[PDB]
């Protein structure tokens, strides 16, 4: 019934990819890591940082809720899903960077810095600029450090109001099946599609699990790898 993570193997998901995969069993307190070296290498978080931005932004009331609308400026950007008015939640779902750049500006350098130390978020380096630092810039975090943060979010053991964490979790929902809920956030270095993430957690009828996938490829690749693993190991069912 219950997936024992110490028994897994995911080699063939990465046979042609430089990557790492981490799976933490919340009920049993056990962590499986494929590619320990890469799991310990700090990398730029890309849009996985939206999770943190949303938590801080809601907590400090820079945004009201998942429906807080910011109007599009009419500039055609790389993805057509970005070229529309957005909310905190839709900008997470569609990875509309411009929305979260406006949010980061409202949070401000000093508040962001204090929060990143509270959250132990990687190298905590925001010198790349208040609306650039998480995008192939100064801030880096290892896949294992991402796991540590996301495990605290799953357990709701972070210094945010309970409704704030509930809202952010809801914004991360990717699939709601009959027997599981998949939560996650992609990230990609869009300059060259050369760095990819899919991070999150899955709730099943036999425990919840926290995952981090990171690859020298797109965030779509990271997500497809993660979904394949979660299906192979019986966590995504229906």
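Numbering follows the first chain given and starts at 1.
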(request) Take the C-alpha B-factors listed in the entry for 35-43 and for 48-56, compute each mean, and give the stretch with the larger one. (result) 35-43
(request) Higher average CA B factor in the deposited record is what I'm after, so tell me if that's 186-194 or 57-65. (result) 186-194
(request) Just grab whichever of 101, 140, 87, 83 has the top CA B-factor as deposited. (result) 83
(request) Pull the Cα B-factor of residue 112 out of the PDB entry and bin it into the chain's lowest, middle or highest third. (result) middle
(message) Based on the deposited C-alpha B factors for this chain, I'd like to know if residue 155 is in the lowest, middle or highest third.
(response) middle
(request) Consider only the C-alpha atoms of the modelled residues in this chain, order them by B-factor as the entry records it, and name the third containing residue 218: lowest, middle or highest. (result) middle
(request) Sort the modelled residues of this chain by their C-alpha B factor and say whether residue 17 lands in the lowest, middle or highest third. (result) highest
(message) Is residue 168 in the lowest, middle or highest third of its chain when residues are ranked by C-alpha B-factor?
(response) lowest
